[PDB]
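Written out below as C-alpha cells is the structure these notes cover.
Quick note: residue numbers are just sequence positions, from 1. Values below: every heavy atom of this structure, side chains too, minus hydrogens, waters and symmetry copies.
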Amino acid sequence: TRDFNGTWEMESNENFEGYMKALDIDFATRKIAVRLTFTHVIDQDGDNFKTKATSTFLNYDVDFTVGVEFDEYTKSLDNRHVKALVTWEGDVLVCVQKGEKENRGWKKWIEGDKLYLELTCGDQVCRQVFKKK
Ligand SMILES: *C/C=C/c1ccc2c(c1)C(C)(C)c1cc(N(CC)CC)ccc1-2
C-alpha cells in the first residue's frame with residue numbers, strides 16, 4: 001500500500017539517541033525524547049500529506065506535497081534550514097533533507113498492520129515501528 005493514513009502508536013524505537021546526537025539535539029531534549037511514546041497521525045490525500053507527531057512534551061508537525069521541493073525550518077528539532085523533497089520509491093515514502101547534515105532524511109513504509117520509519121543523519125540510522133490504532 002501507498003496509503004499511510006491513520007493514527008499510529010509507537011511500538012519500537014532503536015537508536016533514537018544516536019540519530020538525535022547526529023542532529024546535535026542537546027542532552028536535555030534527548031533524555032526526555034528517548035523515553036516518550038509518540039503517536040504519529042497521517043492525513044494523506046493524494047500527494048498532500050498533513051502529519052503530526054505528538055507526545056506528552058515534544059511535538060513535531062510537517063505538511064508536504066509529494067514531488068514538490070520545499071524549504072523547511074526544522075523548528076524545535078535542531079532548528080536548521082533544509083531543502084526537503086518527499087518522493088516514492090516503490091511503496092516506500094522517501095524524504096531527503098538537503099543541508100548541512102549529511103545523509104539526512106527519512107523513509108516510511110508499511111508491512112501488514114505496522115508502519116516503519118527509518119530516520120537517518122550522518123552515519124546514524126534510527127528505526128521506529130508503529131502499530132495502527
Ligand atoms: C515521516 C516522519 C518522519 C520523521 C522524521 C524526523 C523525526 C520524526 C519523524 C519524529 C517526530 C519521530 C522526530 C522527533 C524528534 N525529537 C527530537 C528533537 C522529538 C521531538 C526529532 C526528529 C523526528
Side-chain angles (χ1 to χ4, degrees):
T1 189
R2 283 183 172 152
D3 181 357
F4 284 91
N5 275 288
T7 294
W8 301 92
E9 278 177 349
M10 177 172 284
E11 299 290 307
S12 147
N13 191 0
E14 260 174 24
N15 195 37
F16 201 26
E17 172 77 348
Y19 167 83
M20 286 189 288
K21 281 216 290 224
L23 280 177
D24 304 305
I25 309 304
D26 62 86
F27 182 83
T29 306
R30 291 208 316 269
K31 54 216 202 191
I32 308 312
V34 89
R35 336 185 304 245
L36 292 181
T37 303
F38 285 86
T39 307
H40 194 18
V41 184
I42 292 167
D43 172 19
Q44 167 187 359
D45 179 31
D47 303 321
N48 284 6
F49 279 73
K50 313 197 133 214
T51 74
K52 276 186 172 147
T54 75
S55 64
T56 45
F57 192 65
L58 303 168
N59 309 277
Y60 175 57
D61 313 318
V62 66
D63 299 347
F64 56 87
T65 301
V66 175
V68 178
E69 187 171 55
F70 64 110
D71 287 358
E72 180 181 19
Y73 191 60
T74 58
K75 40 215 199 188
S76 286
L77 295 190
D78 61 321
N79 301 299
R80 290 194 171 89
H81 294 271
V82 295
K83 273 190 162 313
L85 174 65
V86 184
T87 62
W88 292 105
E89 202 157 40
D91 290 353
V92 184
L93 194 65
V94 178
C95 170
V96 173
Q97 294 166 308
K98 285 309 190 162
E100 174 63 35
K101 294 282 160 188
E102 315 166 322
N103 312 301
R104 179 186 187 151
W106 49 255
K107 304 175 168 174
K108 291 194 229 277
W109 70 100
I110 289 179
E111 308 285 354
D113 68 333
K114 313 272 172 193
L115 170 72
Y116 300 71
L117 177 56
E118 178 179 88
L119 313 176
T120 62
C121 187
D123 64 8
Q124 295 290 315
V125 180
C126 170
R127 292 272 280 239
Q128 307 182 349
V129 189
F130 299 74
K131 177 157 133 292
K132 203 176 185 316
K133 195 33 142 72

More than 12 heavy atoms of other residues, nucleotides or ligands under 6.0 Å from [atom1] of [X]: yes or no?
X: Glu11; atom1: CD; result: yes
X: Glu69; atom1: CD; result: yes
X: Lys31; atom1: NZ; result: yes
X: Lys50; atom1: NZ; result: no
X: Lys98; atom1: NZ; result: no

[X]-[Y] co-clustered via ILVMFWY side chain contacts under 4.5 Å:
X: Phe57; Y: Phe38; value: yes
X: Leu36; Y: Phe16; value: yes
X: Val82; Y: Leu117; value: no
X: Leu93; Y: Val62; value: yes
X: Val129; Y: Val92; value: yes

Least distance between heavy atoms, [X] atom then [Y] atom:
X: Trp88; Y: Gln44; answer: CZ2-NE2, 4.0 Å
X: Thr37; Y: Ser55; answer: O-CB, 3.8 Å
X: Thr51; Y: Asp63; answer: N-OD1, 3.6 Å

Next on the checklist: Are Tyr60 and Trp106 an aromatic pair, judged by ring center distance below 6.0 Å?
Outcome noted: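 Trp106 vs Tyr60: aromatic centres not under 6.0 Å.
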Quick one: does any side-chain atom of [X] pair with a main-chain N or O of [Y] as donor and acceptor, under 3.5 Å?
X: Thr65; Y: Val68; answer: no
X: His40; Y: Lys52; answer: yes
X: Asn48; Y: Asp45; answer: no
X: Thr87; Y: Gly67; answer: no
X: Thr120; Y: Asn103; answer: yes
X: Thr74; Y: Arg80; answer: yes

If you measure from [atom1] on [X] to [atom2] on [Y], what distance do you get to the nearest 0.5 Å?
X: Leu23; Y: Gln97; atom1: CG; atom2: CD; result: 8.0 Å
X: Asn13; Y: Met10; atom1: CG; atom2: CE; result: 4.0 Å
X: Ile25; Y: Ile32; atom1: CD1; atom2: CD1; result: 13.5 Å
X: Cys121; Y: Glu102; atom1: SG; atom2: CD; result: 8.5 Å
X: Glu72; Y: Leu77; atom1: CD; atom2: CG; result: 8.0 Å

Next on the checklist: Tell me every residue that passes side-chain hydrogen bond (donor to acceptor under 3.5 Å, both in side chains) with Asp3, counting only those two or more places apart in sequence or in another chain.
Outcome noted: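 side-chain hydrogen bond (donor to acceptor under 3.5 Å, both in side chains) list for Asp3, sorted by chain: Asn5.
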Checklist entry - Is the charged tip of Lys107 near the ring of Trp109: under 6.0 Å from the six-membered ring centre and within 45° of its axis? => result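 Here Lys107 fails the 6.0 Å and 45° test against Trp109.
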Checklist outcome for this item: When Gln128, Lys108, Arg127 are each screened for side chain to side chain donor-acceptor pair (under 3.5 Å) with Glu118, the one that passes is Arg127
